[PDB]
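Presented below is the structure to which this report refers.
Number of protein chains: 4
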Amino acid sequence: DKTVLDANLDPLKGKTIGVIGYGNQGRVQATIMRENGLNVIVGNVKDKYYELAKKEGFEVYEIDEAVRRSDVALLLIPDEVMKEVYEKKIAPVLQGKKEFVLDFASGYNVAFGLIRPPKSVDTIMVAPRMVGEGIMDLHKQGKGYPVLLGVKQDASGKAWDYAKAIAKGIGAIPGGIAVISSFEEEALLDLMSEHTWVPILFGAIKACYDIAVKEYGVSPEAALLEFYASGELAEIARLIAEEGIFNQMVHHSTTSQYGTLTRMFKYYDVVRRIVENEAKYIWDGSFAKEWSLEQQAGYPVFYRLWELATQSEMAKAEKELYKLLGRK
Amino acid sequence: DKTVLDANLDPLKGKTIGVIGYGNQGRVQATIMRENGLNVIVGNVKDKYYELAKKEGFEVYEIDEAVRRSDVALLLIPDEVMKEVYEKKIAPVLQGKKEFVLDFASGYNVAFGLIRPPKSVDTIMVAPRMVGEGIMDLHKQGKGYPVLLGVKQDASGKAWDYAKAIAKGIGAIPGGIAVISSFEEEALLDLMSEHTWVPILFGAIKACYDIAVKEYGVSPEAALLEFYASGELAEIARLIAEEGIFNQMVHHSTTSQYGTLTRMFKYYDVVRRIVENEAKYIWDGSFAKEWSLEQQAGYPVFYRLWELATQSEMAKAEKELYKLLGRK
Amino acid sequence: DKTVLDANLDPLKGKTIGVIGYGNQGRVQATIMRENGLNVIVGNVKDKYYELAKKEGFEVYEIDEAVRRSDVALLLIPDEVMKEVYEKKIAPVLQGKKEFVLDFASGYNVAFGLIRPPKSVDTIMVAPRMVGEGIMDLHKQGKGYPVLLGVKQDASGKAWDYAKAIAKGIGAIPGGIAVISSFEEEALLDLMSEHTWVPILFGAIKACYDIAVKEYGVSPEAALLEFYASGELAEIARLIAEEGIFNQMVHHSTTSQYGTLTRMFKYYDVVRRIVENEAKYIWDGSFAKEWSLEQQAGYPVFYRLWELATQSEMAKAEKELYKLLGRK
Amino acid sequence: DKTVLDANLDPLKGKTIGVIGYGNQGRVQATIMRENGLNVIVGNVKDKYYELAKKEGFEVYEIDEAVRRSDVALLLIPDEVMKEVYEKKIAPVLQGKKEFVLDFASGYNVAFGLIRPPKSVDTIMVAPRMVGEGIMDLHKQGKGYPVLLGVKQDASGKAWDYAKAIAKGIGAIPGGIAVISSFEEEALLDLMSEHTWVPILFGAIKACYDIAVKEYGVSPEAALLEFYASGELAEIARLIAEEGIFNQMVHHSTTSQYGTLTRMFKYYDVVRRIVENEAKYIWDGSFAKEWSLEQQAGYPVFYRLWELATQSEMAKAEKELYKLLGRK
Ligand SMILES: NC(=O)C1=CN([C@@H]2O[C@H](COP(=O)(O)OP(=O)(O)OC[C@H]3O[C@@H](n4cnc5c(N)ncnc54)[C@H](O)[C@@H]3O)[C@@H](O)[C@H]2O)C=CC1
Ligand SMILES: NC(=O)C1=CN([C@@H]2O[C@H](COP(=O)(O)OP(=O)(O)OC[C@H]3O[C@@H](n4cnc5c(N)ncnc54)[C@H](O)[C@@H]3O)[C@@H](O)[C@H]2O)C=CC1
Ligand SMILES: NC(=O)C1=CN([C@@H]2O[C@H](COP(=O)(O)OP(=O)(O)OC[C@H]3O[C@@H](n4cnc5c(N)ncnc54)[C@H](O)[C@@H]3O)[C@@H](O)[C@H]2O)C=CC1
Ligand SMILES: NC(=O)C1=CN([C@@H]2O[C@H](COP(=O)(O)OP(=O)(O)OC[C@H]3O[C@@H](n4cnc5c(N)ncnc54)[C@H](O)[C@@H]3O)[C@@H](O)[C@H]2O)C=CC1
Ligand SMILES: O=C(O)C1(C(=O)O)CC1
Ligand SMILES: O=C(O)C1(C(=O)O)CC1
Ligand SMILES: [Mg+2]
Ligand SMILES: [Mg+2]
Ligand SMILES: [Mg+2]
Ligand SMILES: [Mg+2]
Ligand SMILES: [Mg+2]
Ligand SMILES: [Mg+2]
């Protein structure tokens, strides 16, 4: 099957590696790779992270200098400034090359064409699905974790080899797995998760609260406690990850099972339509356009929405309560 | 405010208490209350739980005998057999009384009239919001936890006093809180949670999977990994419970925040309508009717739905994967 | 292909067989199997059928006794009392077993979970498609007939072997065929036939009558004669079974062919939608629920519908006519 | 009530004030405040207004210099360049401060987040509802006029005090009133007025003209004369402002009253829906986004719409007529 469990690590030996950023990922991955027996450097703007990285023993230069030295580069920075940073401080130094390699952790800027490097370079992607802290929390046990792999440009016939090489160079495998796919699939998924069921969940909760209060004379404290001020949700998530989404429900009551299943099979079509709409809107690029334009405008909608959300009755009540329970 | 933080414990001293069941709750609460300095007994059918309860030092009699001895009773058994058990082995012994008290952990059977005790008895409810294990996991730290309180019948003018007495007798407060409300609100909430956002979430995930596969040529492994085979969901739940639902999102990226907020404010009305429909359907009693009838029929729909859910592509793929990762 | 034409008969030799019921099927199949060289018994309630079965030379005991003696059982009784009969007089005797086998002629009670035998037993199904009299009417020619096969539980790795063994033990093959499938498919089909085209046909006829009378001044006698008081329909059915559904039409006139084909391809979508709805309603279990509940209620709708049907103008006219033609 | 009629003027004495712009407002307010006994300066780009302000005796420096000198600032410039002007020539000088105050006449740029000053500064708003000339036309009578007040940031507990201080420092009160509100309400109102009834009025007039001509053979001159080429509208506005919107109608005829009231109560719902839509579209920020983007694009729609409006039949006819009547 497409899956991969282990591979070689030779293509990276003898070369120097360049790491852009020392935040969550950059820090973790550079730590691991150094612990794996490789010569690696760090490129970053002069700030707290720079101080931290030079504390932990990673020789540092300026960004463009790290690329001038490196034969491989890992661009571990946000997806909102990578564009300008590339355009200014990378593309030139890169034009001055023959055989180079560039890796990302996300496919947003590439799949949509905001970054079109030369055909003189092999472009790839290695994408984990952990916030970053759990990765160390696993490495100290000597485990592995799963990731996605992708390739965009091949000028060496060695692209996948370098991909698996990196995958092993960050302790993902052996111990976990590695999938192969494109940048497009990665971006599509990372965006569907954010556009489809998360906001739906939140809106459902908000509506349940509003209703239970304003049409059945219920108290905010009780509403919050039942809905989310408890850890029921977290325990459910854990049991899912461990046993399985459906098998999990066995630990509940028959009444819960019955209602859940009925209503789920009953409300499948609506959500299906919603998901179709959003997935299409993404596959085209409309969302990238929208987001870039809002950046250029000044995040007005962002501002107003944050405001409306925090000025809501549910939020105020949650504040009073979380205060009452000593929580921060 | 309606909230309560601590109260007296005198009305329970000098009396004997009766506990029906030694499962999750019964076990925990009886343990605590014994550790609080009260004379308590146990009533249960002769089985593994009976053996366990007599192991832990709780003198036991038959159910009706425990009531004959007790002046208070806690009916900690499922909401699907309580009816018959009451009708047969409790109502008589209870008719033979003057001043008694009966407490539940759920309002399903009462709010809907499936149980109508005499007016010779004060009826109450004390409902926690923890599965039961977390409660001990907190008690050994010396903390408290939150609960709901309710009263249905008063023949003593002491109902709320007994309520708070119990609340303190199970280590809820001081250390947490106690809310006051009816049986109706409790049932309504416990059912809305199960009918509105849980099944919606599950259906959304299922649809995202189906789509991403059958219309964009994506691999099941990647789909599952992104959606739920990871712990992203559990970490989100924890951060919610700790910091706050919205504040949580700060630890994410701006892109995620933007998409989430937009789509949430965009899809609020639909879910609102759904929630209205279900809440009404409950407030009337149609659901209780439906569930009781399906019990009398033989759980055919239950059976078929379990089958359809487990025979699904997502389930089979999850099986293969969870196996691949050593998970049970 | 999945089809089967003949197989072995050894696994049944040396064992005793139990047959529940001596009505249409039970009678025929027991007769055949005895004529095939097997030791078989009969279990039945004391009535006319009991007298008949002991007339024809089948030693009989009470039901539970027949199971105590038997190592295999064929439950040839209606699908409306099998539940209680099992629950009371079979499940105990069965709990007292190690290696047993149970066979049905219908999957209604099992596919929907109304009967959940232990995992100590191999459960199967052998379903013919003849009312029962035609089967003997064929056996005396030395032919075979077609059936369906299914398995639900396997604790021997011999389930299919026993299945084909029975199939041969009732003279189905060699001489006909045997298909393999589940209980679910069998039930689904047997119910679609009854829910989709039979009632549609009847309603179409009824409406044609009503219209031809009340809007074109036609006489009931003529209407009935054309529509169904003749044998046109039976001859068409026979020619279908013999030659083929479409080839049949060759023996009609060109005008008939033209109108039929046009209107058929013209009215396909409506019936398709209807069939989808009903098939879904079944696949879930709603129909089983409905039917069980009507049983528990007292067949009021059944009663009223029988009444309305018989008190109809078409029925009264058919009565007068069938009387006029000497028919009973 | 929230209203205010007079207050103190001490907090401004001993300080220096800075005024950005010498157009309509800036000119008037600076004139008044100087006439009120305060030390005030002027910051403006070198142009005709600079010459005018140094004519009238207001010592001037460059903008940033005026802020370096001032402890308070009034940003009386358009809402389309304030952004860049701030970003470049104000924010630095402001970072170099401890205790400062900044006031606006409009909340557009702030309510939507286009300007986010530091938390080292108290931000306020003082918004009149006169074009600017009427304000002097009233001051020479020794009257006052009404305004709105708002606060965004408080680092002194003196924000409202400074607000009322300014309010008195510009001759608004005593003699008129001062309301308190946010920036959001101000912006919302100033935009609803422009989006809801003004354009509706204009379109209604245009449509009445077009119809009366092209479907009833009426002459343009007569149409214009009746609709707006007369002063009926201005007299109505004046009588409204003086007596009251409804009481005004008393000076009309009964026929007019009847038709007006009927049709008004008849067409309320449509306009209500329109207003809801627009108010929402604003509350979110979509309009700010739209306008900023059109600026960045080059005002193409602006251009084309101006063209279409002026190339209209009504416009050409109005031109011929206004010429015929000697009007410019
Ligand atoms: N933490 C996460 O959520 C995961 C990371 N990724 C992706 O990896 C990439 C890195 O993400 P994170 O390291 O977690 O974010 P982060 O907050 O940890 O970023 C830290 C780095 O940002 C750099 N930086 C910030 N602003 C800069 C600017 N204007 N100019 C130049 N450098 C700047 C700094 O040098 C710093 O080293 C992103 O594309 C992310 O989507 C993929 C899987 C999940
Ligand atoms: N565990 C939970 O989810 C929470 C408990 N509750 C409610 O408290 C009550 C008890 O729930 P749990 O103890 O957690 O369930 P459980 O699974 O722990 O039930 C254990 C008890 O069930 C008794 N029992 C089982 N079948 C019986 C039967 N046919 N006849 C007589 N007794 C029988 C047994 O004596 C045993 O002691 C329920 O109403 C529950 O909804 C309220 C908050 C959450
Ligand atoms: N005979 C037919 O038309 C076909 C029969 N089948 C299936 O074979 C099985 C038997 O069907 P048939 O014999 O044809 O119907 P039937 O009405 O002729 O059944 C006769 C048998 O039912 C027994 N019985 C009736 N009421 C009973 C009760 N209260 N308690 C205990 N036993 C009772 C009688 O002892 C008798 O032996 C069913 O599962 C049916 O679905 C399958 C295809 C059609
Ligand atoms: N006149 C009005 O309609 C009322 C004024 N306001 C608001 O007060 C503020 C000022 O409005 P007005 O003075 O009436 O407009 P205005 O046309 O009178 O503005 C003249 C000033 O604009 C300055 N200026 C123009 N272009 C500039 C540029 N590129 N860079 C730097 N400075 C530039 C000039 O220095 C000049 O002093 C606005 O926000 C307005 O909406 C509030 C109530 C009504
Ligand atoms: O990179 C992303 O966009 C995140 C996701 O996995 O959804 C971390 C927030
Ligand atoms: O008692 C209930 O119905 C549960 C809930 O809180 O939803 C535990 C499952
Ligand atoms: Mg993301
Ligand atoms: Mg994700
Ligand atoms: Mg709950
Ligand atoms: Mg049938
Ligand atoms: Mg059939
Ligand atoms: Mg205005």
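Residue numbers (the UniProt record's numbering), protein chains in the order written: chain B, 2 to 329; chain E, 2 to 329; chain Y, 2 to 329; chain S, 2 to 329. The C-beta atom is built at its ideal place from N, Cα and C for all residues, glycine as well.
Check                                                                                                                                                                                 : Outcome
If the cut is a Cβ gap below 8 Å, which residues of chain Y does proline 301 of chain E touch?                                                                                        : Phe113, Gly114, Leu115, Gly286, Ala289, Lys290, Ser293
Just the C-alpha distance for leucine 322 of chain B and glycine 232 of chain B, rounded to the nearest angstrom, thanks.                                                             : 15 Å
Return the chain-ordered list of same chain residues with a C-beta closer than 7 Å to the C-beta of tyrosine 50 of chain Y, the five sequence neighbours on each side being excluded. : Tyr23, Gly24
Name, please, each residue of chain E whose Cβ falls closer than 9 Å to the Cβ of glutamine 154 of chain Y.                                                                           : Chain E residues near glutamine 154 of chain Y: none, gap ~15 Å exceeds 9 Å.
With 8 Å as the C-beta to C-beta threshold (strictly closer), list the residues of the stretch 115-139 of chain B near chain E in chain order.                                        : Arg130, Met131, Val132, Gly135
Could you tell me which residues DSSP puts in a beta bridge with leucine 149 of chain S?                                                                                              : S/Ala128, S/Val180
Among the candidates Y/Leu234, Y/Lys14, Y/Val29, whose CA atom is the shortest distance from the CA of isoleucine 21 of chain Y?                                                      : Y/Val29
In the DSSP assignment, find the unbroken alpha helix (DSSP H) run with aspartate 104 of chain Y in it and report its ends.                                                           : Per DSSP, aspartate 104 of chain Y belongs to no alpha helix (DSSP H); it is in the beta strand (DSSP E), 101-105.
Whose Cβ in chain E lies nearer than 7 Å to the Cβ of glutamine 297 of chain Y?                                                                                                       : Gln297
Output the residues surrounding ligand 9, defined as those with a CB atom closer than 6 Å to any ligand heavy atom, in chain order.                                                   : B/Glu227, B/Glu233, E/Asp191, E/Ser194
Looking at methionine 126 of chain Y and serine 107 of chain Y, is the spacing between their C-beta atoms short of 9 Å?                                                               : yes
Give a yes or no on whether the minimum CB-CB distance between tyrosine 304 of chain B and chain C is below 9 Å.                                                                      : Within the model displayed, chain C is absent; protein chains B, E, Y and S are what it includes.
Assuming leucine 190 of chain E and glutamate 227 of chain B form a contact by the criterion Cβ under 8 Å, report the distance between their Cβ atoms to the nearest whole angstrom.  : 4 Å
What does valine 180 of chain B reach in chain E if we use C-beta pairs closer than 8 Å?                                                                                              : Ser220, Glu222, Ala223, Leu226
Just list the residues that DSSP pairs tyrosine 62 of chain Y with in beta bridges.                                                                                                   : Y/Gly44
Applying a beta-carbon distance threshold of less than 7 Å, which residues of chain E neighbour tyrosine 323 of chain B?                                                              : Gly245
Under a three-way DSSP split, which group does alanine 74 of chain E fall into?                                                                                                       : strand
Quick one: residues in its chain with C-beta nearer than 8 Å to the C-beta of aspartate 123 of chain B, no 5 flanking neighbours on either side, listed in chain order?               : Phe101, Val102, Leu103, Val152, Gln154, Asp155, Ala156, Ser157, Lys159, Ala160, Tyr163
Could you check the C-alpha separation between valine 111 of chain S and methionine 83 of chain S for me, to the nearest Å?                                                           : 11 Å
I'd like to know whether the C-beta atoms of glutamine 249 of chain Y and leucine 240 of chain Y end up nearer to each other than 9 Å.                                                : yes
Over what stretch of residues does the beta strand (DSSP E) that includes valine 20 of chain E continue unbroken?                                                                     : 18-21
Could you pull out every residue in the same chain whose Cβ sits closer than 7 Å to the Cβ of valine 302 of chain S, ignoring the five residues on either side in sequence?           : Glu295
Quick check: the Cα distance between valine 199 of chain S and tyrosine 87 of chain B, rounded to an integer number of angstroms?                                                     : 49 Å
Mind checking if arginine 328 of chain E is an interface residue toward chain B, Cβ cutoff 9 Å exclusive?                                                                             : yes
Kindly indicate which three-state DSSP category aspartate 123 of chain E falls into: helix, strand or coil?                                                                           : strand
Is the stretch 278-288 of chain B close to the stretch 281-293 of chain E, with three or more CB pairs under 8 Å?                                                                     : no
Shorter than 9 Å from the beta carbon of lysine 84 of chain Y to some beta carbon of chain E?                                                                                         : yes
Using beta carbons (cut-off 9 Å, strictly below), is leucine 309 of chain E in contact with chain Y?                                                                                  : yes
Just to check my reading of the structure: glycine 176 of chain E and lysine 207 of chain E have Cβ atoms closer than 8 Å, yes? What is that Cβ distance to the nearest angstrom?     : Going by Cβ atoms, the distance from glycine 176 of chain E to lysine 207 of chain E rounds to 40 Å, so no, they are not a contact pair.
Check each candidate in Y/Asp2, Y/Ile171, Y/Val251 and name the one with the smallest Cα separation from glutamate 36 of chain Y.                                                     : Y/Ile171
Against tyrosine 268 of chain B, what residues of chain E qualify as contacts under a CB-to-CB distance less than 8 Å, listed in chain order?                                         : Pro200, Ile201, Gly204, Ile275
If you run the structure through DSSP and keep just helix, strand and coil, what is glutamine 154 of chain E?                                                                         : strand
Relative to the C-alpha of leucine 309 of chain B, which candidate in E/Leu139, E/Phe247, E/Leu234, E/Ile275 has its C-alpha closest?                                                 : E/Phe247
Would you say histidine 196 of chain E touches ligand 6, meaning its beta carbon is less than 8 Å from a heavy atom?                                                                  : no
Buried or exposed: where does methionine 34 of chain B fall if 16 or more other Cβ atoms within 10 Å of its Cβ makes it buried?                                                       : buried
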